[PDB]
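Q: Pasting in a structure now, in structure tokens, and then I'll have a few things to ask.
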Amino acid sequence: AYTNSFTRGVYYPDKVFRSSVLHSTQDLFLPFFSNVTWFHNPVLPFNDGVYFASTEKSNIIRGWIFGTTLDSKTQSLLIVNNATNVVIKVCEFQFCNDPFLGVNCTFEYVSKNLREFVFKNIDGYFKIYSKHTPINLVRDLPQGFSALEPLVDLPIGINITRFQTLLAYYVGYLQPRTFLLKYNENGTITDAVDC
Amino acid sequence: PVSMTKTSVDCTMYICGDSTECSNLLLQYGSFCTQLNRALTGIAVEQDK
Amino acid sequence: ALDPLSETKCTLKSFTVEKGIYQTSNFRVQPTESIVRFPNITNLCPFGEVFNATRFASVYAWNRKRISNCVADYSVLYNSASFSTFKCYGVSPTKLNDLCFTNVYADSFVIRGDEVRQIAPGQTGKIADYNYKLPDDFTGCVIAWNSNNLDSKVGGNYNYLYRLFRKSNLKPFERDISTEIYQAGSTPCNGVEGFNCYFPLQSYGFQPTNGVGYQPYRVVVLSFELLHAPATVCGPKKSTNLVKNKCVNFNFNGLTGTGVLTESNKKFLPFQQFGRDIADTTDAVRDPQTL
Ligand SMILES: *[C@@H]1O[C@H](CO)[C@@H](O[C@@H]2O[C@H](CO)[C@@H](O)[C@H](O)[C@H]2NC(C)=O)[C@H](O)[C@H]1NC(C)=O
Ligand SMILES: *[C@@H]1O[C@H](CO)[C@@H](O[C@@H]2O[C@H](CO)[C@@H](O)[C@H](O)[C@H]2NC(C)=O)[C@H](O)[C@H]1NC(C)=O
Ligand SMILES: *[C@@H]1O[C@H](CO)[C@@H](O[C@@H]2O[C@H](CO)[C@@H](O)[C@H](O)[C@H]2NC(C)=O)[C@H](O)[C@H]1NC(C)=O
Ligand SMILES: *[C@@H]1O[C@H](CO)[C@@H](O)[C@H](O)[C@H]1NC(C)=O
Ligand SMILES: *[C@@H]1O[C@H](CO)[C@@H](O)[C@H](O)[C@H]1NC(C)=O
Ligand SMILES: *[C@@H]1O[C@H](CO)[C@@H](O)[C@H](O)[C@H]1NC(C)=O
Ligand SMILES: *[C@@H]1O[C@H](CO)[C@@H](O)[C@H](O)[C@H]1NC(C)=O
């Protein structure tokens, strides 16, 4: 299944404040009006970066796995939100062929709806941006525009080329595109142009 | 149109803003700094004229 | 530099200045003080875990603790008076506070006093050969202090062991924990002790009455690592007080400059650190300690 990435997958590329200005920036973004793969939990590549989105009514999706082999051989990322707490670990975990949830750890951290995330892995840093929005749609991604603020920057230095999800959702692949971003008075990105 | 904006630039401060190592290197280039100031000053006086 | 007319004369390279107005110099306010601001020190490295450990490992089975993703306060160590040996090779302790590293390894073990000398680059002996070897290019610190009060008891503490025989010398940071019967002769032992068949390990005699040379010493060896990865072990990088409405030389988390810092009315987003102008010029910051 495939759907249209209308204007989604814009994130603040840097931590800089800018107001009432159009700034041109080259980085890994989700190309406008591209094909996003639609899923109702296989293993997917991580070419240079991933745009994940999930439409949720009951918070079925919980986590992500990232790495190269993801079979207790090498370092791999596991990210999990369990009902109250977020957990991140980078152990060489022994995963099942079809891991899920019921109804050498070199790092550890503990903390109707659309949840959009961007994962990218640059200079050994794992950058995670996200945005939560209310929606009234059961078919596909809402058309419109909203920016993703960074949430986490993990200094892992771990090679990732593949990933998988842990529980419907959509996947897009980022590309090195130049964008023009419109920052309003409040420093929020309100519109963008794919150059 | 009759006049422009009478801009002036301090070459030193532009190139080597508040840096001593940079300034000492810049001295080796001679009068570039001075001649740019001089040219722009020329422009500004022309604007008034 | 006598008087402005002289500055003029020098600028024009003449003794005779014609009537006019001459641009001679450039007025620039000098910064009065230096401001350094970094975020509140948080997530200290677990040095306590290693130094304040209740029990230590034997030298042949020396413990290795990995230190990562934390702020390493070396001051608490090199300013402490609890250490007899604080030797650092190819690095100064004080400087460590200004440095980041990918990984730090705290190798902890116990030896006798006279063997402390073997824990150094280019040393030989039972310890340096069969138990714990430092590389010739070691660039870390060795900390050792007497532990007679803890690791000695009336009648002799024999919990601490050392390897007495080995078929070859250890490589730098090699760990051998094998208990294979040492074949001193030509006859295979087949895991049976006897003539030319000896157990490779032996106990230390740690009594409170023992000579300082034979008294137990706790040793921590800090090794510093720079990989193809982010440096996650950094020093405290101490801050200063903040001064407003003055020309200052400021340093915020990454960025330096010179200016006058004033109360702004800008509305940064919770994640935005420093603001910019049209001309990609830093115009505003967020103080890391006070938002
Ligand atoms: C989510 O799972 C995590 C672990 O995967 C749970 O975190 C642990 O909580 C207990 C009790 O507070 C602690 O003793 C552990 O140290 C925690 N683990 C870690 C890794 O720090 C957490 O309790 C779970 N969430 C909920 C809501 O129960
Ligand atoms: C920036 O955000 C602020 C706060 O949400 C907005 O300021 C408010 O604007 C409304 C409508 O003019 C006023 O009723 C409020 O009194 C304002 N509040 C404050 C605290 O100033 C502002 O409109 C936003 N600007 C943009 C461009 O989005
Ligand atoms: C950094 O640490 C300082 C000192 O503990 C914190 O300053 C306090 O801030 C609160 C809230 O504004 C004030 O009520 C207190 O008066 C401050 N304490 C002192 C001793 O002056 C500050 O909040 C911390 N900031 C961060 C980002 O961690
Ligand atoms: C992109 O999506 C359209 C509409 O679903 C489809 O016809 C086309 O084959 C897709 N492109 C690729 C490269 O698969
Ligand atoms: C644990 O990870 C480290 C990473 O440097 C690696 O060197 C080591 O071989 C791993 N240990 C095991 C037992 O797999
Ligand atoms: C990541 O993969 C590339 C390409 O295979 C390889 O050159 C590099 O060594 C890998 N990184 C690590 C840390 O092993
Ligand atoms: C060990 O604890 C004592 C207080 O009981 C303290 O003086 C010392 O600083 C601690 N060790 C380290 C390495 O901080």
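We label chains A, B, ... in the order they appear in the structure tokens, count residues from 1 in each chain, and number ligands from 1 in the order shown.
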Around ligand 2, out to 7 Å and counting only C-alpha atoms and all ligand atoms, which residues are there? I want them as a ChimeraX atom specification.
A: /A:184-186
Q: Output N, CA, C and O atoms for every residue in that selection, as a JSON list (two decimals), in the first residue's frame.
A:
```
[["chain", "number", "residue", "atom", "x", "y", "z"],
["A", 184, "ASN", "N", 7.65, 32.22, 11.45],
["A", 184, "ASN", "CA", 6.74, 33.33, 11.81],
["A", 184, "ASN", "C", 7.35, 34.15, 12.94],
["A", 184, "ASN", "O", 8.51, 33.93, 13.30],
["A", 185, "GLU", "N", 6.55, 35.03, 13.54],
["A", 185, "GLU", "CA", 6.97, 35.93, 14.63],
["A", 185, "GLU", "C", 7.47, 35.12, 15.82],
["A", 185, "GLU", "O", 8.41, 35.54, 16.50],
["A", 186, "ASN", "N", 6.84, 33.97, 16.05],
["A", 186, "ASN", "CA", 7.11, 33.15, 17.24],
["A", 186, "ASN", "C", 8.18, 32.11, 16.96],
["A", 186, "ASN", "O", 8.40, 31.23, 17.80]]
```
Q: At a cut-off of 12 Å, which residues of chain B touch chain C? Count only C-alpha atoms and give the answer as a VMD selection string.
A: chain B and resid 8 to 13 17 to 19 34 37 to 38 40 to 41 45
Q: Using C-alpha atoms, can you export the residues from the last selection as a compact mmCIF listing (two decimals), in the first residue's frame?
A:
```txt
# COMPACT_ATOMS: atom_id res chain seq x y z
CA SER B 8 31.82 52.54 5.30
CA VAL B 9 33.61 49.33 6.37
CA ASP B 10 36.50 48.69 8.76
CA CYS B 11 38.37 45.98 6.82
CA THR B 12 40.25 44.92 9.95
CA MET B 13 37.13 44.40 12.02
CA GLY B 17 36.81 40.68 14.23
CA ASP B 18 38.46 41.11 17.68
CA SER B 19 41.29 38.62 17.03
CA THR B 34 43.64 51.12 3.78
CA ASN B 37 38.51 52.29 3.33
CA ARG B 38 39.76 54.99 1.00
CA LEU B 40 34.46 53.65 0.06
CA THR B 41 35.15 57.07 1.55
CA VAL B 45 31.79 61.92 -0.51
```
Q: Report the distance between atom 22 (C, counted along the ligand's line) of ligand 1 and CA of residue 65 in chain A in Å, rounded to one decimal place.
A: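 Spanning atom 22 (C, counted along the ligand's line) of ligand 1 to CA of residue 65 in chain A is a straight-line distance of 18.3 Å.
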Q: Using only C-alpha atoms and all ligand atoms, find each protein or nucleic acid residue lying at most 7 Å from ligand 6; present the set as a count of residues only.
A: 4
Q: Distance cut-off 10 Å, counting only C-alpha atoms - which residues of chain C neighbour chain A? Return them as a PyMOL selection string.
A: chain C and resi 66-69+102-103+227-232+266-278+280+282-285
Q: Mind checking which residues fall within 8 Å of residue 36 in chain A, counting only C-alpha atoms, ignoring those fewer than 6 positions away in the same chain, and posting them as a list in words?
A: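 Near neighbours after the sequence-gap exclusion: residues 2, 3, 4, 5, 170, 171, 172 and 173 of chain A.
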Q: Residues of the last selection are to be written out with N, CA and C atoms, as a compact mmCIF listing (two decimals), in the first residue's frame.
A:
```
# COMPACT_ATOMS: atom_id res chain seq x y z
N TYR A 2 0.39 2.30 -0.66
CA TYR A 2 1.12 3.56 -0.84
C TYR A 2 0.16 4.72 -0.66
N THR A 3 0.66 5.81 -0.07
CA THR A 3 -0.11 7.07 0.06
C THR A 3 0.79 8.27 -0.20
N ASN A 4 0.15 9.44 -0.22
CA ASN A 4 0.80 10.70 -0.60
C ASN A 4 1.32 11.40 0.65
N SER A 5 2.61 11.74 0.61
CA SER A 5 3.24 12.60 1.63
C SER A 5 3.07 14.05 1.22
N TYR A 170 2.75 4.60 8.68
CA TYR A 170 3.34 4.91 7.36
C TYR A 170 4.83 5.13 7.54
N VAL A 171 5.56 4.77 6.50
CA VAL A 171 7.01 4.97 6.45
C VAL A 171 7.35 5.78 5.21
N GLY A 172 8.18 6.79 5.40
CA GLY A 172 8.85 7.48 4.29
C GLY A 172 10.34 7.51 4.48
N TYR A 173 11.04 7.76 3.39
CA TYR A 173 12.51 7.78 3.42
C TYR A 173 12.97 9.19 3.12
```
Q: Could you list, as a PyMOL selection string, all the residues within 7 Å of ligand 1, counting only C-alpha atoms and all ligand atoms?
A: chain A and resi 82-87+110
Q: Could you please extract the residues within 9 Å of ligand 5, counting only C-alpha atoms and all ligand atoms, and hand them back as a PDB file with N, CA and C atoms, in the first residue's frame?
A:
```pdb
ATOM      1  N   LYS A  73      23.914 -10.195  17.988  1.00  0.00           N
ATOM      2  CA  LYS A  73      25.251 -10.393  17.395  1.00  0.00           C
ATOM      3  C   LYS A  73      26.084  -9.141  17.613  1.00  0.00           C
ATOM      4  N   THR A  74      25.423  -7.994  17.581  1.00  0.00           N
ATOM      5  CA  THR A  74      26.061  -6.671  17.587  1.00  0.00           C
ATOM      6  C   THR A  74      25.161  -5.677  18.312  1.00  0.00           C
ATOM      7  N   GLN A  75      25.624  -4.440  18.421  1.00  0.00           N
ATOM      8  CA  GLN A  75      24.870  -3.347  19.048  1.00  0.00           C
ATOM      9  C   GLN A  75      23.690  -2.951  18.165  1.00  0.00           C
ATOM     10  N   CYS A  91      21.833  -2.373  23.922  1.00  0.00           N
ATOM     11  CA  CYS A  91      22.383  -3.719  24.140  1.00  0.00           C
ATOM     12  C   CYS A  91      22.363  -4.519  22.835  1.00  0.00           C
ATOM     13  N   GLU A  92      23.222  -5.528  22.780  1.00  0.00           N
ATOM     14  CA  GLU A  92      23.207  -6.531  21.703  1.00  0.00           C
ATOM     15  C   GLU A  92      22.099  -7.535  21.995  1.00  0.00           C
ATOM     16  N   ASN A 104      25.440  -6.367  27.096  1.00  0.00           N
ATOM     17  CA  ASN A 104      26.539  -5.468  26.645  1.00  0.00           C
ATOM     18  C   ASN A 104      25.975  -4.048  26.477  1.00  0.00           C
ATOM     19  N   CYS A 105      25.160  -3.612  27.434  1.00  0.00           N
ATOM     20  CA  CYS A 105      24.385  -2.348  27.343  1.00  0.00           C
ATOM     21  C   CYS A 105      25.324  -1.153  27.529  1.00  0.00           C
ATOM     22  N   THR A 106      25.582  -0.414  26.455  1.00  0.00           N
ATOM     23  CA  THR A 106      26.568   0.697  26.453  1.00  0.00           C
ATOM     24  C   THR A 106      25.859   2.031  26.712  1.00  0.00           C
TER      25      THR A 106
END
```
Q: Which residues are near residue 46 in chain B? Cut-off 12 Å, only C-alpha atoms, ignore same chain within fewer than 5 positions. Put them as a list in words.
A: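 Neighbouring residues, sequence-local ones excluded: residues 2, 3, 4, 5, 6, 7, 39, 40 and 41 of chain B.
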Q: Could you list, as a PyMOL selection string, all protein and nucleic acid residues with an atom at most 8 Å from ligand 3, counting only C-alpha atoms and all ligand atoms?
A: chain C and resi 39-40+288-291
Q: Give me the residues near residue 48 in chain A as a short mmCIF file (atom, residue, chain, number, x, y, z; two decimals) with C-alpha atoms, in the first residue's frame, where near means some atom within 10 Å (using only C-alpha atoms) and where sequence neighbours in that chain fewer than 5 positions away do not count.
A:
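This went into out-v2.cif:
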```
data_model
loop_
_atom_site.label_atom_id
_atom_site.label_comp_id
_atom_site.auth_asym_id
_atom_site.auth_seq_id
_atom_site.Cartn_x
_atom_site.Cartn_y
_atom_site.Cartn_z
CA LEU A 28 17.49 15.21 4.97
CA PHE A 119 14.74 9.23 12.96
CA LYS A 120 18.12 10.03 11.45
CA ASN A 121 21.64 8.96 12.20
CA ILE A 122 24.35 11.51 11.53
CA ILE A 160 21.92 1.45 11.54
CA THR A 161 20.79 0.18 8.12
CA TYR A 173 12.51 7.78 3.42
CA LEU A 174 14.38 11.06 3.84
CA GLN A 175 16.56 12.49 1.10
CA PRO A 176 19.11 15.36 0.91
#
```
Q: At a cut-off of 12 Å, can you tabulate as CSV every residue of chain C near ligand 7 together with its closest atom pair and the distance in Å to one decimal, using only C-alpha atoms and all ligand atoms and ordering rows by chain then number?
A:
```
residue,atom,partner,partner_atom_place_in_ligand_line,distance
C:44,CA,ligand 7,14 (O),10.4
C:45,CA,ligand 7,14 (O),9.8
C:46,CA,ligand 7,13 (C),8.2
C:47,CA,ligand 7,13 (C),4.9
C:48,CA,ligand 7,12 (C),4.5
C:49,CA,ligand 7,13 (C),7.9
C:50,CA,ligand 7,13 (C),7.4
C:51,CA,ligand 7,13 (C),5.1
C:52,CA,ligand 7,1 (C),4.9
C:53,CA,ligand 7,1 (C),8.7
C:54,CA,ligand 7,1 (C),10.6
C:72,CA,ligand 7,13 (C),10.7
C:73,CA,ligand 7,14 (O),8.9
C:74,CA,ligand 7,13 (C),8.9
C:75,CA,ligand 7,14 (O),9.7
C:76,CA,ligand 7,14 (O),6.1
C:77,CA,ligand 7,13 (C),6.2
C:78,CA,ligand 7,13 (C),9.9
C:79,CA,ligand 7,9 (O),10.0
C:80,CA,ligand 7,9 (O),7.5
C:81,CA,ligand 7,7 (O),9.8
C:82,CA,ligand 7,7 (O),8.7
C:83,CA,ligand 7,13 (C),10.4
C:106,CA,ligand 7,13 (C),11.8
C:143,CA,ligand 7,13 (C),11.0
C:220,CA,ligand 7,13 (C),10.7
```
Q: Those residues with N, CA and C atoms, as an mmCIF file, in the first residue's frame please?
A:
```
data_model
loop_
_atom_site.group_PDB
_atom_site.id
_atom_site.type_symbol
_atom_site.label_atom_id
_atom_site.label_comp_id
_atom_site.auth_asym_id
_atom_site.auth_seq_id
_atom_site.Cartn_x
_atom_site.Cartn_y
_atom_site.Cartn_z
ATOM 1 N N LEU C 44 26.930 12.910 37.014
ATOM 2 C CA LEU C 44 28.326 12.676 37.397
ATOM 3 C C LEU C 44 28.678 11.218 37.137
ATOM 4 N N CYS C 45 29.932 10.990 36.793
ATOM 5 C CA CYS C 45 30.459 9.641 36.547
ATOM 6 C C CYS C 45 30.577 8.902 37.877
ATOM 7 N N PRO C 46 30.234 7.593 37.908
ATOM 8 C CA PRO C 46 30.219 6.819 39.150
ATOM 9 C C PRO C 46 31.623 6.422 39.604
ATOM 10 N N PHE C 47 32.387 7.412 40.058
ATOM 11 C CA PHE C 47 33.733 7.161 40.584
ATOM 12 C C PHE C 47 33.645 6.493 41.951
ATOM 13 N N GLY C 48 32.620 6.848 42.731
ATOM 14 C CA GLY C 48 32.359 6.226 44.028
ATOM 15 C C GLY C 48 32.287 4.716 43.931
ATOM 16 N N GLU C 49 31.531 4.233 42.946
ATOM 17 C CA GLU C 49 31.325 2.794 42.688
ATOM 18 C C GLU C 49 32.669 2.078 42.661
ATOM 19 N N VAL C 50 33.689 2.728 42.104
ATOM 20 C CA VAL C 50 34.983 2.064 41.871
ATOM 21 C C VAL C 50 35.888 2.258 43.077
ATOM 22 N N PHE C 51 36.060 3.504 43.510
ATOM 23 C CA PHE C 51 37.013 3.845 44.581
ATOM 24 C C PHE C 51 36.444 3.431 45.930
ATOM 25 N N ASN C 52 35.126 3.592 46.102
ATOM 26 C CA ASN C 52 34.463 3.284 47.379
ATOM 27 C C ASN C 52 33.867 1.878 47.341
ATOM 28 N N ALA C 53 34.293 1.053 46.387
ATOM 29 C CA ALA C 53 33.885 -0.359 46.311
ATOM 30 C C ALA C 53 34.322 -1.071 47.584
ATOM 31 N N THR C 54 33.416 -1.877 48.133
ATOM 32 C CA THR C 54 33.630 -2.636 49.381
ATOM 33 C C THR C 54 34.720 -3.680 49.168
ATOM 34 N N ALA C 72 32.844 13.783 34.251
ATOM 35 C CA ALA C 72 33.908 13.220 35.095
ATOM 36 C C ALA C 72 34.588 14.310 35.902
ATOM 37 N N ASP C 73 34.332 14.288 37.198
ATOM 38 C CA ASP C 73 34.900 15.299 38.102
ATOM 39 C C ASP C 73 36.218 14.771 38.649
ATOM 40 N N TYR C 74 37.303 15.101 37.962
ATOM 41 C CA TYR C 74 38.634 14.581 38.337
ATOM 42 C C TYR C 74 39.180 15.342 39.535
ATOM 43 N N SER C 75 38.672 16.545 39.787
ATOM 44 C CA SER C 75 39.128 17.358 40.924
ATOM 45 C C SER C 75 39.024 16.548 42.213
ATOM 46 N N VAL C 76 37.883 15.902 42.419
ATOM 47 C CA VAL C 76 37.596 15.134 43.655
ATOM 48 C C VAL C 76 38.720 14.118 43.874
ATOM 49 N N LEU C 77 39.420 13.742 42.809
ATOM 50 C CA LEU C 77 40.447 12.701 42.899
ATOM 51 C C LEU C 77 41.838 13.286 43.134
ATOM 52 N N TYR C 78 42.280 14.213 42.286
ATOM 53 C CA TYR C 78 43.676 14.680 42.338
ATOM 54 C C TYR C 78 43.893 15.675 43.478
ATOM 55 N N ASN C 79 42.800 16.156 44.075
ATOM 56 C CA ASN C 79 42.817 17.082 45.212
ATOM 57 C C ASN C 79 42.598 16.317 46.508
ATOM 58 N N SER C 80 42.232 15.043 46.409
ATOM 59 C CA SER C 80 42.048 14.184 47.586
ATOM 60 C C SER C 80 43.405 13.785 48.147
ATOM 61 N N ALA C 81 43.459 13.617 49.462
ATOM 62 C CA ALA C 81 44.697 13.290 50.178
ATOM 63 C C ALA C 81 44.694 11.824 50.578
ATOM 64 N N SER C 82 43.810 11.034 49.970
ATOM 65 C CA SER C 82 43.611 9.630 50.340
ATOM 66 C C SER C 82 44.451 8.715 49.461
ATOM 67 N N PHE C 83 45.169 9.283 48.499
ATOM 68 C CA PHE C 83 45.925 8.485 47.526
ATOM 69 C C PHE C 83 47.416 8.706 47.722
ATOM 70 N N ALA C 106 38.063 2.053 34.094
ATOM 71 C CA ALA C 106 38.602 1.953 35.456
ATOM 72 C C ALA C 106 38.894 0.487 35.739
ATOM 73 N N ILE C 143 46.198 5.101 40.027
ATOM 74 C CA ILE C 143 45.922 5.558 41.399
ATOM 75 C C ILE C 143 46.027 4.350 42.310
ATOM 76 N N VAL C 220 43.514 1.549 41.041
ATOM 77 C CA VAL C 220 42.576 1.874 39.956
ATOM 78 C C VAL C 220 43.384 2.468 38.820
#
```
Q: Give me the residues near residue 59 in chain A as a list in words, where near means some atom within 12 Å (using only C-alpha atoms) and where sequence neighbours in that chain fewer than 3 positions away do not count.
A: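 Here the answer would be residues 54, 55, 56, 62, 63, 81, 82, 83, 101, 103, 112, 113, 114, 115, 166, 167, 168 and 169 of chain A.
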Q: Write the residues of the selection above to a file with C-alpha atoms, as a compact mmCIF listing (two decimals), in the first residue's frame.
A:
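Now in part19.txt:
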```txt
# COMPACT_ATOMS: atom_id res chain seq x y z
CA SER A 54 1.14 6.44 13.23
CA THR A 55 -2.59 6.99 13.49
CA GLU A 56 -3.70 5.87 16.93
CA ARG A 62 4.84 1.10 21.46
CA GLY A 63 8.40 0.97 20.16
CA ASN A 81 7.18 3.38 25.70
CA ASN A 82 5.31 1.31 28.32
CA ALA A 83 2.16 3.12 29.56
CA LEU A 101 3.93 -6.76 23.23
CA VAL A 103 -2.41 -7.00 26.25
CA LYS A 112 -8.06 10.45 16.62
CA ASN A 113 -4.32 11.03 17.21
CA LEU A 114 -1.47 11.38 14.76
CA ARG A 115 2.07 10.87 16.03
CA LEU A 166 6.85 -2.97 17.95
CA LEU A 167 3.10 -2.90 18.73
CA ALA A 168 -1.48 1.09 11.27
CA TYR A 169 1.40 3.40 10.29
```
Q: DSSP on the backbone: what in chain B comes out alpha helix (DSSP H), as a list in words?
A: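 Across chain B, those assigned alpha helix (DSSP H) are residues 11, 12, 13, 14, 15, 20, 21, 22, 23, 24, 25, 26, 32, 33, 34, 35, 36, 37, 38, 39, 40, 41, 42, 43, 44, 45, 46, 47 and 48 of chain B.
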Q: Write the residues of the selection above to a file with N, CA, C and O atoms, as a CSV table (one decimal), in the first residue's frame.
A:
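New file part36.csv:
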```csv
chain,number,residue,atom,x,y,z
B,11,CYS,N,37.8,47.2,7.4
B,11,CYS,CA,38.4,46.0,6.8
B,11,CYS,C,38.9,45.1,7.9
B,11,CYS,O,38.7,43.9,7.9
B,12,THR,N,39.6,45.7,8.9
B,12,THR,CA,40.2,44.9,10.0
B,12,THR,C,39.2,44.2,10.7
B,12,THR,O,39.3,43.0,10.9
B,13,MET,N,38.2,44.9,11.2
B,13,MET,CA,37.1,44.4,12.0
B,13,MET,C,36.3,43.4,11.2
B,13,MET,O,35.8,42.5,11.8
B,14,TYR,N,36.2,43.6,9.9
B,14,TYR,CA,35.4,42.8,9.1
B,14,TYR,C,36.1,41.4,8.9
B,14,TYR,O,35.4,40.4,9.0
B,15,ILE,N,37.4,41.4,8.7
B,15,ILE,CA,38.1,40.2,8.4
B,15,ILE,C,38.4,39.5,9.8
B,15,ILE,O,38.2,38.3,9.9
B,20,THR,N,43.6,38.8,17.5
B,20,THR,CA,45.0,39.4,17.5
B,20,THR,C,45.8,38.7,16.4
B,20,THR,O,46.5,39.3,15.7
B,21,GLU,N,45.7,37.3,16.5
B,21,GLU,CA,46.5,36.4,15.6
B,21,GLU,C,46.1,36.8,14.2
B,21,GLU,O,47.0,36.9,13.3
B,22,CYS,N,44.8,36.9,14.0
B,22,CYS,CA,44.3,37.2,12.6
B,22,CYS,C,44.8,38.5,12.2
B,22,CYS,O,45.2,38.6,11.0
B,23,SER,N,44.8,39.5,13.0
B,23,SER,CA,45.2,40.9,12.7
B,23,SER,C,46.7,40.9,12.3
B,23,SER,O,47.0,41.6,11.3
B,24,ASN,N,47.5,40.2,13.0
B,24,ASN,CA,48.9,40.2,12.8
B,24,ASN,C,49.2,39.5,11.4
B,24,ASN,O,50.2,39.9,10.8
B,25,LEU,N,48.4,38.5,11.1
B,25,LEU,CA,48.5,37.9,9.7
B,25,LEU,C,48.1,38.9,8.7
B,25,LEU,O,48.8,39.0,7.6
B,26,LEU,N,47.1,39.7,9.0
B,26,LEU,CA,46.5,40.6,8.0
B,26,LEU,C,47.5,41.7,7.6
B,26,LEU,O,47.5,42.1,6.4
B,32,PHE,N,45.9,46.8,1.5
B,32,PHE,CA,44.6,46.4,1.0
B,32,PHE,C,43.5,47.1,1.9
B,32,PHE,O,42.6,47.8,1.4
B,33,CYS,N,43.8,46.9,3.2
B,33,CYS,CA,42.9,47.4,4.2
B,33,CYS,C,42.6,48.9,4.0
B,33,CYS,O,41.5,49.4,3.8
B,34,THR,N,43.7,49.7,3.9
B,34,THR,CA,43.6,51.1,3.8
B,34,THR,C,43.0,51.5,2.5
B,34,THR,O,42.1,52.4,2.5
B,35,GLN,N,43.3,50.9,1.4
B,35,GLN,CA,42.8,51.3,0.1
B,35,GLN,C,41.3,51.0,0.0
B,35,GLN,O,40.6,51.8,-0.6
B,36,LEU,N,40.8,50.0,0.7
B,36,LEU,CA,39.4,49.7,0.6
B,36,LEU,C,38.6,50.8,1.4
B,36,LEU,O,37.6,51.3,0.9
B,37,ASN,N,39.1,51.2,2.5
B,37,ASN,CA,38.5,52.3,3.3
B,37,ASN,C,38.5,53.5,2.5
B,37,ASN,O,37.5,54.2,2.4
B,38,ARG,N,39.6,53.8,1.8
B,38,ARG,CA,39.8,55.0,1.0
B,38,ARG,C,38.8,55.0,-0.1
B,38,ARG,O,38.1,56.1,-0.4
B,39,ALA,N,38.6,53.9,-0.8
B,39,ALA,CA,37.7,53.8,-2.0
B,39,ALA,C,36.2,54.1,-1.5
B,39,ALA,O,35.5,54.9,-2.2
B,40,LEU,N,35.8,53.5,-0.4
B,40,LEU,CA,34.5,53.6,0.1
B,40,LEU,C,34.2,55.1,0.5
B,40,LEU,O,33.1,55.6,0.3
B,41,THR,N,35.3,55.7,1.1
B,41,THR,CA,35.2,57.1,1.6
B,41,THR,C,35.0,58.0,0.3
B,41,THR,O,34.1,58.9,0.4
B,42,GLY,N,35.7,57.7,-0.7
B,42,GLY,CA,35.5,58.3,-2.0
B,42,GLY,C,34.0,58.3,-2.5
B,42,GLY,O,33.4,59.3,-2.8
B,43,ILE,N,33.4,57.1,-2.4
B,43,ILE,CA,32.0,56.9,-2.8
B,43,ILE,C,31.1,57.8,-1.9
B,43,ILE,O,30.3,58.4,-2.5
B,44,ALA,N,31.4,57.8,-0.6
B,44,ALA,CA,30.4,58.5,0.3
B,44,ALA,C,30.5,60.0,0.0
B,44,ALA,O,29.5,60.6,0.0
B,45,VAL,N,31.7,60.5,-0.2
B,45,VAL,CA,31.8,61.9,-0.5
B,45,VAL,C,31.1,62.2,-1.8
B,45,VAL,O,30.4,63.3,-1.9
B,46,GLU,N,31.2,61.4,-2.8
B,46,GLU,CA,30.6,61.5,-4.1
B,46,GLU,C,29.1,61.6,-3.9
B,46,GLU,O,28.4,62.4,-4.6
B,47,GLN,N,28.5,60.9,-3.0
B,47,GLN,CA,27.1,60.8,-2.8
B,47,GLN,C,26.6,62.2,-2.3
B,47,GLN,O,25.6,62.7,-2.8
B,48,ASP,N,27.4,62.8,-1.4
B,48,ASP,CA,27.0,64.1,-0.9
B,48,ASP,C,27.1,65.1,-2.0
B,48,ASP,O,26.2,66.0,-2.1
```
Q: As an exercise, work out the distance from CA of residue 199 in chain C to CA of residue 179 in chain C in Å and give it to one decimal place.
A: 7.0 Å
Q: Within 9 Å of residue 109 in chain C, counting only C-alpha atoms, which residues qualify if same-chain residues fewer than 4 places away don't, as a PyMOL selection string?
A: chain C and resi 56-63+217-221
Q: To one decimal place, how far is CA of residue 250 in chain C from CA of residue 41 in chain C in Å?
A: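 Spanning CA of residue 250 in chain C to CA of residue 41 in chain C is a straight-line distance of 19.0 Å.
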Q: Which one is closest to ligand 4: A:33, A:27, A:143, A:193? Count only C-alpha atoms and all ligand atoms.
A: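 Nearest to ligand 4: A:33.
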Q: Pull the strand (DSSP E) assignments for range 185-243 of chain C out of DSSP run on the backbone, and list those residues as a PyMOL selection string.
A: chain C and resi 197-198+201-203+216-225+233-234
